[PDB]
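Here's the letter readout for the chains.
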Amino acid sequence: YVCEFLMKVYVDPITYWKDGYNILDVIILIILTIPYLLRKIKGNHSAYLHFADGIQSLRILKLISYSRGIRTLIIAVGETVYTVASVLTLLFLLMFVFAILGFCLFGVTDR
Amino acid sequence: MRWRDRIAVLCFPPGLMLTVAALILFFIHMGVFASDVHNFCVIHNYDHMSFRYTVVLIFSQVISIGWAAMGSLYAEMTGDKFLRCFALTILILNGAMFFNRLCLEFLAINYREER
Amino acid sequence: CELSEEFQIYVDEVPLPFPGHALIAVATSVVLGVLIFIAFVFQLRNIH
Amino acid sequence: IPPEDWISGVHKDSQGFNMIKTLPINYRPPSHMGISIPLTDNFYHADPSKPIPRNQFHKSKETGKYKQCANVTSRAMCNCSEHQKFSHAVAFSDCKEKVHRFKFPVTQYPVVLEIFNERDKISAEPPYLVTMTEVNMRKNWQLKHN
Amino acid sequence: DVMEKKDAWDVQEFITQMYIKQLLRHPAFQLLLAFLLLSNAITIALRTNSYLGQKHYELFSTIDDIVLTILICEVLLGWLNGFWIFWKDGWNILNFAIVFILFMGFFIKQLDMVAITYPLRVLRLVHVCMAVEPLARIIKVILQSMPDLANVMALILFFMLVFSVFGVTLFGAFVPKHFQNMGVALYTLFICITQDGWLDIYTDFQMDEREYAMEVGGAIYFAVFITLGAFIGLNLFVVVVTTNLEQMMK
Ligand SMILES: *[C@@H]1O[C@H](CO)[C@@H](O)[C@H](O)[C@H]1NC(C)=O
Ligand SMILES: *[C@@H]1O[C@H](CO)[C@@H](O)[C@H](O)[C@H]1NC(C)=O
Ligand SMILES: *[C@@H]1O[C@H](CO)[C@@H](O)[C@H](O)[C@H]1NC(C)=O
């Protein structure tokens, strides 16, 4: 993985800084390298262990980053990100509305 | 044209309604402000303050500010510097007036009532 | 015999009465109004 | 409140709030038409040797009688005891200098009354009906009762 | 054409053009309004805790006054262009009702309290966030889908009633407290149609004779009715959704 970051630390970041899967994999590399750097040799004030299988699962995600067929599927489903974000924001707005409503209806009376 | 006939009947020249209304509002509001500072400074008869009418004259203050600004906007396009100076001066005195009376009211909190 | 008692209560830190809230509300409103109107006057005079 | 901290007047309820207030000298509670013009004719922390605070206006000039700390010279001269410093009663307020303290919204303050009857302590009974009054003519307090 | 000299109505039209160019086309004023609304929404989320409230209640009152006065100022600015156009609109009516209820509950004594002050604020938040583009298309077609959804609701409730006539025959005074009262029975059948965790009801009407009784008959009748109604309702919902969105991409 260090060799991977070494061959992605080239001038190709000029295209990795505007693309999809490329910025995704370099971000995965960064959030892989830093946590085990502060975990395997920690000597620090961390909380506890909860990001070992998560790190390994990010490595598995880097494995599945291959398979150009799945890449084409990701490209074909990648134009719905704004739509699902908008539906998620509408969902969150409805949760906030009924959150304040349920609080005002049942938690302020405190019975 | 015939400004005698313009001021006589059936209409007024465009603008110059809100400016005159702001002038008379300025007159009555100097009257009440002078009465307020007088009775707050010397004669001390707070039962006859303007402690009773407190929000309606604030509403009058802000609508007078709005009408002064609106008349200034409506009379700026006359191309004459005197009208623009007139409108800007009346707007400035009304605004500084408003800040002064707001400061006086905010100073006079402990004398009205308590909730 | 008369059964009576007396006590004292001190309260403080009243936020504000109605005129303070009214004054701050109208002050912010007219500050926004005069700022937007100064922008209006500046733009329309500089167009001329 | 412990008596040593009642003497000290520095109590904090682990929250940055003072539970004991030392009254201003010649203190008088406010009236209905204004909180800066007292019209109660009662003197708290009274001292004739000092200028009177917040006493403009003719009606407030015409009100306020010194009962215990009379023309007798000062606070150190007009004499009081521990029973007069811990008295919450009217006409013992001329040397009343430390009071309790609260926030602005006080809700559900428990008005509990116990009766002494020579062998134990009982609570107030529904046969013993109760009248509430304020000595300083205020109209900003309400009661909840069943 | 030439416009050698403008007239009074041209001056008025230019003034209205300036007034609609600002605060309606300028992104800066809308961004400032959205920033203020997001800040007071942060204060909304900071509520439900007196530990923050004990040093924030006066600031909460001040920001309430500020948002109320800027809302009524915006309403007055909209009114300036004309009362008829503002009254004949699809969403300005909602905004005017929101600010009217909020202002009446503020100035006049009302039992509206927190349950009206806060949801009205978040409704105004939703209305303002609709204005920015990448939620307006999605919002526009939710309201386009409700006329075609209303007929589905009507058919569902009519079938629900005409099968509850079958329901209320085996209901009432036996296996009670969810099958009686004729409104609790209807809403409990609605619960079972929404189809989650009805084995409490299954154990409720369980053990009639322990072998068959009506535990076979009524249970299979209501089970096939529940599954048919649930499938039909979900299908009709997604069908109305797909119809109206095919409308929005057409
Ligand atoms: C002094 O105080 C006493 C208190 O009993 C009172 O009777 C007397 O009138 C007072 N005299 C003056 C001059 O204030
Ligand atoms: C203390 O004051 C009282 C009146 O307040 C007076 O009668 C008494 O003589 C005083 N005693 C001394 C020792 O000053
Ligand atoms: C008074 O307060 C006490 C303390 O919480 C409570 O138990 C009681 O029900 C209250 N009574 C009324 C009438 O509010």
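- Its PDB record attributes the structure to cryo-EM, giving the resolution as 6.8 Å.

What about the UniProt feature "transmembrane region" in chain C?
At step 1: Per the UniProt record, the feature "transmembrane region" sits at residues 18-40 of chain C.
At step 2: In this annotation, residues 18-40 of chain C is assigned 100% helix and 0% strand; the end-to-end C-alpha distance for the span is 33 Å.

A short note on the interface of chain B and chain D
At step 1: Facing 9 residues of chain B, the contacting portion of chain D comprises 11 residues.
At step 2: Inspection of the chain B/chain D interface yields 0 salt bridges.
At step 3: Counting across the chain B and chain D interface gives 6 residue pairs in polar contact.
At step 4: In terms of residue class, the side of chain B that touches chain D is built from 2 nonpolar, 3 polar and 4 charged.

Points about the packing of helix α2 (residues 18-43) of chain B against helix α4 (residues 81-107) of chain B
Residue and element names in this part refer to chain B.
At step 1: The N-to-C vectors of α2 and α4 enclose an angle of 30°; their axes lie 11 Å apart at closest approach. Relative to α4, α2 is oriented roughly parallel. α4 is crossed by α2, and the crossing has left-handed handedness. Seen from α2, the contacting residues are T19, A22, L23, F26, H29, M30, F33, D36 and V37; seen from α4, they are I90, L93, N94, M97, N100, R101, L104 and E105.
At step 2: Looking at the contact of α2 with α4, its residues break down into 10 nonpolar, 4 polar and 3 charged.

Focus on the packing of aromatic side chains
Residues and elements named next belong to chain E.
At step 1: Under the counting rule described, the total for this entry stands at 19 aromatic pairs over all chains.
At step 2: Judged by centre distance (4.0 Å) and plane angle (20°), the ring pair of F171 and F179 falls under stacked.
At step 3: Overall, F171 belongs to the buried group, its relative accessible area being 5%.
At step 4: Put simply, the rings of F171, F179, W198, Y202, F205 and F222 touch in pairs and so form one group of aromatic residues.
At step 5: Looking at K6, its charged tip hangs above the ring of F14, at a distance of 4.7 Å from the centre.

A word on the environment of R111(A)
At step 1: In this structure, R111(A) sits in the segment after α6 (81-107).
At step 2: As a C-alpha pair, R111(A) and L49(A) span 62 residues in sequence and 40 Å in three-dimensional space.

Structural notes on the packing of helix α2 (residues 27-45) of chain E against helix α4 (residues 57-80) of chain E
Helices that pack against each other are described as a pair by the angle of their axes relative to one another and the distance between those axes.
All names here are of chain E.
At step 1: Closest axis-to-axis distance for the α2/α4 pair is 11 Å, and the angle between their directions is 145°. In the crossing of α2 with α4, the sense of the turn from one axis to the other is left-handed. Between α2 and α4, the contacting residues are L33, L36, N40 and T43 on the first element and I63, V67, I70 and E74 on the second.
At step 2: A class-by-class count of the residues in the contact of α2 with α4 yields 5 nonpolar, 2 polar and 1 charged.

What about the pattern of salt bridges?
All names here are of chain B.
At step 1: Taken as a whole and judged by the stated rule, the model has 7 salt bridges over all chains.
At step 2: The partner of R112 in a salt bridge is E105, with the nearest N and O atoms 3.5 Å apart.
At step 3: Residue class for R112 comes out buried when judged on its relative accessible area of 8%.
At step 4: With a relative accessible area of 10%, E105 lands in the buried category.

Quick look at empty space enclosed by the protein
At step 1: The tally for this structure, following the rule as stated, stands at 6 cavities of 30 Å³ or more.
At step 2: One number sums up the size of the largest cavity: a volume of about 70 Å³.
At step 3: Lining the largest cavity, in full, are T54(B), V55(B), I58(B), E105(B), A108(B), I109(B), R112(B), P19(C), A22(C) and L23(C).
At step 4: In the lining of the largest cavity, the residues fall into 7 nonpolar, 1 polar and 2 charged.
At step 5: In this structure, the second largest cavity spans a volume of roughly 60 Å³.
At step 6: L37(E), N40(E), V67(E), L68(E), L71(E), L102(E), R121(E) and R124(E) together form the lining of the second largest cavity.

A look at the state of the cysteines
Residues and elements named next belong to chain D.
At step 1: Inspection of every chain in the model, using the stated rule, returns 2 disulfides over all chains.
At step 2: Through a disulfide, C69 is tied to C78; the S-S separation comes to 2.0 Å. Of note, the bridge from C69 to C78 carries an S-S torsion of about -85° and is left-handed in sense. The same class applies to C69 and to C78, which are both buried.
At step 3: Disulfide pairing places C80 opposite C95 at an S-S distance of 2.0 Å. With the S-S dihedral at roughly -95°, the linkage between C80 and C95 falls on the left-handed side. A residue pair is termed long-range when its members are at least 10 positions apart, and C80 in the loop between α2 (58-61) and α3 (82-85) and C95 in the loop between α3 and β2 (98-100) qualify at 15 residues.
At step 4: For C80, a relative accessible area of 21% translates into the label partly exposed.

Procedures and definitions
- Residues numbered from 1 in each chain as written, not as in the entry; some residues may be left out.
- Chains lettered and ligands numbered in written order.
- Part of a larger assembly, values for the part shown.
- Heavy atoms only, no water.
- UniProt positions renumbered as here; feature names shortened; annotations may be inferred.
- Helix = DSSP H or I, 4+ residues; strand = E, 2+ residues; numbered from the N terminus.
- Contact = heavy atoms within 4.5 Å.
- Salt bridge = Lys/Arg side-chain N within 4 Å of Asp/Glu carboxyl O.
- Polar contact = N/O pair within 3.5 Å; in protein donor to acceptor, adjacent residues only side chain to side chain.
- Nonpolar A, V, L, I, M, F, W, Y, C, P; charged D, E, K, R; others polar.
- Axes fitted to C-alpha atoms, helices over the stretch in contact; angles between N-to-C directions.
- Parallel < 35°, antiparallel > 145°, perpendicular 65-115°, else oblique.
- Left-handed = near helix turned anticlockwise from the far one by under 90°.
- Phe/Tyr/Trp six-rings, centres within 6.5 Å; stacked < 30°, edge-to-face > 60°.
- Buried < 20%, exposed > 50% of the residue type's maximum accessible area, 1.4 Å probe, protein only.
- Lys NZ or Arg CZ within 6 Å of the ring centre and 35° of its normal.
- 1 Å grid on protein atoms, 1.4 Å probe; cavity = no way out; pocket = protein on both sides within 12 Å on 5 of 7 lines; lining within 4 Å.
- Points joined across faces, edges and corners; volume = space filled by probe spheres on them.
- Disulfide = S-S within 2.5 Å.

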